[PDB]
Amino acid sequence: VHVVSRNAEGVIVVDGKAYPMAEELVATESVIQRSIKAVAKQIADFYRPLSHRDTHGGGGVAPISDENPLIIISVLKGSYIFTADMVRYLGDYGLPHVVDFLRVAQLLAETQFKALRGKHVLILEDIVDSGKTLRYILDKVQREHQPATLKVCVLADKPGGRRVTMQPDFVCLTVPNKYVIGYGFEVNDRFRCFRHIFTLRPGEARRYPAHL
């Protein structure tokens, strides 16, 4: 159980640690991890039955296996902690998979995987808010890799912030229509190390204006 309280300064305290930058708690580590593991079982149950191009034994189609694993593309930098946890749960459920990374801001870093044609590909992303970043990534991966199927798993969905149509295939958590921090979520790279997700106090997104 997590002990959630407020100190004399009105600041949220979780397990004895103060979060002066936070407005409200969204989810404790225990809720987050249970949510990720639940989605991990959904992903393993969905993909383990499927088949795709055979690049190990010369063709044509073969079941997802260690020889022909599910291809996972993780979006850096926001999804790295979520991806680290998700892949370990996927391993627990016996899903054969491999992970590669793309970095976006503009594309800053490209995938090194060069044989995704006719493969099942899953994108791990931290959050869908406006839908624009995933629309950009999905168009690029489809056009350059020509996968058999392309699906998206997000840690968080902020359904009220949409500016374009984007419905992820897998969602671990629904977040309020507020700026979130913690468990990968940042303010200029600060707060990603938190084990819990919180809403940010209004105006604190300008707390660290200096480029790192």
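Between two forms, the rigid core is the largest collection of C-alphas that superpose within 1.5 Å. We number the residues from 1 along the sequence you see.
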item: Farther-lying stretch by C-alpha RMS in 5 other deposited structures of this protein (rigid core fit) among 200 to 208, 18 to 26; value: 200 to 208
item: Where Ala105 meets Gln106 in the shown sequence, the number of deposited residues left unmodelled; value: 10 or more
item: Mean C-alpha temperature factor, higher of 88 to 96 and 110 to 118; value: 110 to 118
item: Mean C-alpha B-factor comparison - 50 to 58 and 146 to 154, higher one; value: 50 to 58
item: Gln33, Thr174, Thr165, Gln42, ranked by C-alpha B-factor: the highest one; value: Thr165
item: Ranked against its chain, the third holding the CA B-factor of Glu67; value: highest
item: Record-listed C-alpha B factor of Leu134: chain third; value: middle
item: Relative C-alpha B-factor of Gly184, binned into the chain's lowest, middle or highest third; value: middle
item: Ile81 CA temperature factor, ranked by third within the chain; value: lowest
item: Ranked against its chain, the third holding the CA B-factor of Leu124; value: lowest
